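Chains as they are written, first to last, in the entry's author numbering: chain U, 2 to 175; chain L, 2 to 216; chain R, 1 to 37; chain V, 2 to 144.
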RNA sequence: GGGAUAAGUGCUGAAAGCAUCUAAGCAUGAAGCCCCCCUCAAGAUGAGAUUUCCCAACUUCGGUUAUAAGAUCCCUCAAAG
RNA sequence: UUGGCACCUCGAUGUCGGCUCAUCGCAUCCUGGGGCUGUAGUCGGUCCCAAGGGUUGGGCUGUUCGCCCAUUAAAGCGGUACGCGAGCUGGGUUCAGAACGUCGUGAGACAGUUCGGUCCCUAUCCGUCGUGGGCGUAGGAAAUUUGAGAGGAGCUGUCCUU
RNA sequence: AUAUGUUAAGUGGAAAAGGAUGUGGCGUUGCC
């Protein structure tokens with residue numbers, strides 16, 4: 002549709018090689034970002050690319066609008082990073098680091114360990130603040146949800162781990 | 002550590018070093034050698050054949066199993082050993098023994114206290130369902146003609162048959178049973194004995210296979 | 001959630017979808033969650 | 002009066018080899034069964050087997066159309082009360098594909114003394130190489 | 001302790017410029033499913049493997065013989081029945 | 001479940017309930033995994049997944065049912081000729097005797113009650129539990145083994161600490 | 001086997017009130 006019929010506009014700072022079926026985008030802070038795509042019909046150009054669906058149906062429009070979005074995402078992966086910030090509400094909720102691991106002291110009878118992985122970096126702004134910085138939205142989102150699922154926010158006092166602002170419920174026990 | 006083969010000698014008891022009483026089984030292990038070393042290339046699995054007790058040499062006319070025959074006598078001589086009764090294969094070891102005979106000694110069980118013991122006999126004759134399977138007897142208050150009988154063997158008409166695995170009389174005992182997590186109490190050189198903490202399967206003068214615990 | 005053979009919206013923020021062949025209603029009120037269309 | 006009947010002396014059996022890569026299970030199976038029964042020979046006699054031997058290479062590439070890797074369960078009883086085991090057609094291919102093709106094809110052969118001797122001429126291997134090079138197996142193309 | 005999952009929870013994502021756990025892709029998740037634990041099992045007629053032992057005389061039979069390795073008859077028994 | 005029909009059986013298919021011995025369904029009682037809560041916490045409610053194991057001992061009665069005592073993590077609901085008498089008992093009921101209330105002029109009957117009372121069998125064939133012998137497995141033998149497949153096990157409490 | 005369409009559940013190869021942005025057809029309107 003519209004979202005698939007949109008220009009990508011490769012900023013010409015990043016190099017996207019269109020190796021037959023597959024796409025590999027390199028930039029100042031990421032290489033080997035190659036993705037498995039489908040049999041779409043796109044132009045192999047620099048300074049801008051487009052994706053074109055060969056046919057028209059209910060199974061071409063969906064994959065068109067998805068392929069365009071995925072190429073856009075891996076272009077912006079080397080264009081800049083996607084940072085998801087996780088906060089810790091509650092007393093005595095501290096995040097320690099060690100090497101490339103994150104220790105969470107989150108109210109249990111033991112710490113909780115979160116090992117880093119390739120292409121991503123942990124960083125702790127303050128004891129209650131944790132930021133995961135990476136190049137793929139998929140990888141950053143997986144890491145952030147795995148770090149969030151240790152103690153999701155309660156609805157009463159809100160203590161737990163959360164993303165940004167206030168989007169949570171609120172109850173009143175007493 | 003490495004498994005050993007032995008004979009059950011009997012039960013006894015010692016006194017633990019704080020005053021405890023410890024039931025003990027005495028197991029002699031002597032004459033153990035490595036007769037063959039099976040490897041993945043020649044045979045699919047990796048294992049080592051050990052050989053337990055010593056048989057007598059070959060005799061031209063032998064009417065018992067005391068003397069080795071020519072096939073067995075030729076199988077031992079390839080390891081440079083003496084004919085052996087009770088040849089057995091140990092898997093889940095690390096093959097650093099020799100396919101040519103080397104003594105497997107009790108002194109390898111100084112390290113490794115918790116073991117499991119495989120025994121190969123218990124020994125009872127044809128037995129009824131109360132003995133063999135632990136079933137229950139009938140009453141004697143009313144004039145019951147049912148006491149040690151098995152009971153119903155199925156349902157009526159809709160089944161029209163007896164299911165595989167029904168419990169009935171038959172030869173009891175004599176199976177192969179392993180007791181797990183037994184503990185070595187003490188090893189003894191100059192008698193080649195191991196004192197196992199508990200009780201092992203089989204009768205006296207039976208063959209037992211000791212190996213390190215798989216758990 | 002409510003597993004009922006007649007799922008339908010209860011307010012204006014609830015909206016109907018299909019996951020794996022099941023019809024479902026998802027809403028911003030967790031009371032209003034239903035499945036098994 | 003005048004109908005030719007095949008005899009063991011007359012029978013000349015050949016060896017074929019088929020590629021089960023990029024084919025469907027049932028569509029390959031029906032044709033291999035027609036080759037095994039010997040209905041592809043003008044000299045076909047019902048009472049005695051005139052069929053040929055078949056070697057099926059690349060068994061790990063047979064495929065199923067639709068949602069058949071999770072459906073198409075295979076059930077089997079052990080004759081003891083309660084024991085009815087199962088395996089999906091997707092876990093049987095990745096584990097033991099040569100049983101998948103063998104059972105598929107042998108379900109299309111008549112269950113008679115001769116329907117077993119006709120079904121033990123099928124050799125199924127998962128992977129391009131087969132030991133039976135000493136029999137000169139021609140390469141047959143399914144249609 | 002390992003693998004794949006149910007209900008559930010998700011990450012990226014369009015069809016549907018937004019939204020969305022799903023259509024493509026990627027995760028996580030039960031005393032339950034397949035392994036791991038214990039016993040049986042090559043009559044598994046698809047009858048498997050390894051080590052070892054024995055292997056000339058007579059015929060035109062083209063096959064035979066007995067004997068070799070080995071095992072029984074018979075007898076003394078029990079850890080077995 | 002109480003019924004409705006009257007299709008098999010009257011040259012005969014033994015009726016309760018319990019004992020002994022099981023097997024199967026899930027519409028789940030306990031244990032395991034979750035969504036919502038008028039879910040503060042410890043306890044609960046109500047829905048969804050799940051059949052792997054487990055699911056008590058007595059008083060009263062022929063009791064199945066039921067009520068009660070003491071427990072338990074829990075004391076699930078159903079099918080198999082309301083499983084099961086070539087396995088057992090036989091209290092009840094449907095034998096003959098004899099008595100009560102009532103009905104009959106009567107011989108006798110129950111809307112009922114009460115005391116009593118012969119339960120047969122040396123298993124052919126299929127089925128199941130064990131054990132051997134013949135042949136096969138392209139020479140004849142001794143031992144040691146792989147494991148396609150099959151079976152077994154699978155339950156839970158209470159304290160201490162954080 | 002030939003020609004043109006339907007569907008994707010293995011429906012086909014059991015069952016109702018009722019519920020639903022599943023997909024194909026024709027028709028008819030309101031804002032572009």
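Virtual Cβ for every residue (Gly too), placed ideally from N, Cα, C.
What whole-angstrom Cβ distance do residue 86 of chain V and residue 77 of chain V have, given they're in contact under 8 Å? The C-beta distance from residue 86 of chain V to residue 77 of chain V rounds to 6 Å, short enough to meet the 8 Å contact threshold.
With 8 Å as the threshold, decide whether the Cβ of residue 78 of chain L is near any Cβ in chain V. Not closer than 8 Å to any Cβ of chain V, the Cβ of residue 78 of chain L fails to qualify, so no.
Whose Cβ in chain V lies nearer than 9 Å to the Cβ of residue 85 of chain L? Correct list: empty, because the minimum Cβ distance to chain V is about 39 Å.
Quick check: the Cα distance between residue 189 of chain L and residue 110 of chain L, rounded to an integer number of angstroms? Approximately 10 Å between the Cα atoms of the pair.
Cβ closer than 9 Å: which chain V residues qualify as neighbours of residue 166 of chain L? Residues of chain V with a Cβ closer than 9 Å to the Cβ of residue 166 of chain L are, in chain order, 81 and 82.
Return the Cβ separation of residue 80 of chain L and residue 36 of chain L in integer angstroms, given the expectation that the two are a contact with Cβ distance under 8 Å. Sure, about 5 Å apart at Cβ, within 8 Å.
Could you compute how far the alpha carbon of residue 81 of chain U sits from the alpha carbon of residue 98 of chain U? Pairing residue 81 of chain U with residue 98 of chain U, the inter-Cα distance amounts to about 25 Å.
Might you give, ordered along the chain, the residues of its own chain that have their beta carbon closer than 6 Å to the beta carbon of residue 41 of chain L, omitting 5 neighbours on each side? Closer than 6 Å at the Cβ level, and outside the excluded window around residue 41 of chain L, lie 47.
Within this structure, are the beta carbons of residue 126 of chain V and residue 58 of chain V separated by less than 8 Å? Less than 8 Å separates the beta-carbon of residue 126 of chain V from that of residue 58 of chain V.
Looking only at its chain, what residues have a beta carbon closer than 6 Å to the beta carbon of residue 163 of chain L, apart from the 5 residues adjacent to it on each side? Taking C-beta separations shorter than 6 Å and ignoring five residues to either side along the sequence, the partners of residue 163 of chain L in its chain run 154 and 155, following chain order.
With residue 31 of chain U as the anchor, note down where its beta strand (DSSP E) starts and where it stops. In the DSSP annotation of this structure, the continuous segment of the beta strand (DSSP E) that includes residue 31 of chain U starts and ends at 31 to 36.
Under the rule that 16 or more other beta-carbon atoms within 10 Å means buried, what is residue 1 of chain L, buried or exposed? Given a span of 2 to 216 for chain L in the structure shown, any question on residue 1 of chain L remains unanswerable.
Buried or exposed for residue 136 of chain V, going by 16 or more other Cβ atoms inside 10 Å? A residue is called buried when at least 16 other Cβ atoms come within 10 angstroms of its Cβ; residue 136 of chain V does not meet this threshold and is exposed.
Counting only the same chain and skipping the five closest in sequence on each side, list residues whose C-beta sits under 7 Å from that of residue 79 of chain U. The residues are 15, 26, 27, 28, 29, 30, 31, 34 and 136.
Taking the straight line between their C-alpha atoms, what separation do you get for residue 25 of chain L and residue 12 of chain L? One alpha carbon belongs to residue 25 of chain L, the other to residue 12 of chain L, and they sit about 6 Å apart.
Can you look up residue 140 of chain V in the DSSP assignment and give me helix, strand or coil? The answer is strand: DSSP assigns residue 140 of chain V an E or B state.
What's the gap between the Cα of residue 150 of chain L and the Cα of residue 182 of chain L? Straight-line Cα distance between these residues: approximately 37 Å.
Spatial neighbours of residue 64 of chain U in its chain, beta-carbon cut-off 8 Å, leaving aside the 5 residues before and after: Cβ neighbours of residue 64 of chain U beyond the five flanking positions: 39, 41 and 54.
If you drop the 5 nearest sequence neighbours on each side, which residues of the same chain put their C-beta closer than 6 Å to that of residue 19 of chain U? Closer than 6 Å at the Cβ level, and outside the excluded window around residue 19 of chain U, lie 45.
C-beta atoms of residue 208 of chain L and residue 121 of chain L nearer than 8 Å: Less than 8 Å separates the beta-carbon of residue 208 of chain L from that of residue 121 of chain L.
Hey, could you find the ends of the alpha helix (DSSP H) residue 73 of chain U is sitting in? Where residue 73 of chain U is concerned, the enclosing alpha helix (DSSP H) stretches over 62 to 80.
Which residues in the same chain have their Cβ closer than 6 Å to the Cβ of residue 119 of chain L, if we skip the five residues on either side of it in sequence? Around residue 119 of chain L, the same chain offers 179 and 210 as residues with beta carbons nearer than 6 Å, after the five sequence neighbours per side are excluded.
Verify whether the separation of the beta carbon atoms of residue 29 of chain L and residue 5 of chain L is less than 8 Å. Residue 29 of chain L is not a Cβ neighbour of residue 5 of chain L, given a cutoff of 8 Å.
According to DSSP, is residue 32 of chain R helix, strand or coil? DSSP places residue 32 of chain R in helix when its eight states are reduced to three.
contact_flag[the segment 22 to 38 of chain V, the segment 24 to 32 of chain R] where n(CB pairs < 8 Å) is 3 or more: Verdict: no, contact absent.
What would DSSP say about residue 110 of chain V, mapped onto helix, strand or coil? In the structure shown, residue 110 of chain V sits in coil (DSSP, three-state: anything other than H, G, I, E or B).
Assuming residue 18 of chain U is part of the beta strand (DSSP E), what are its boundary residues? Looking at the DSSP string, the run of the beta strand (DSSP E) that includes residue 18 of chain U is 16 to 20.
Let's test the definition: count the other Cβ atoms within 10 Å of the Cβ of residue 132 of chain V and tell me whether it reaches 16, buried, or not, exposed. Flag for residue 132 of chain V reads exposed.
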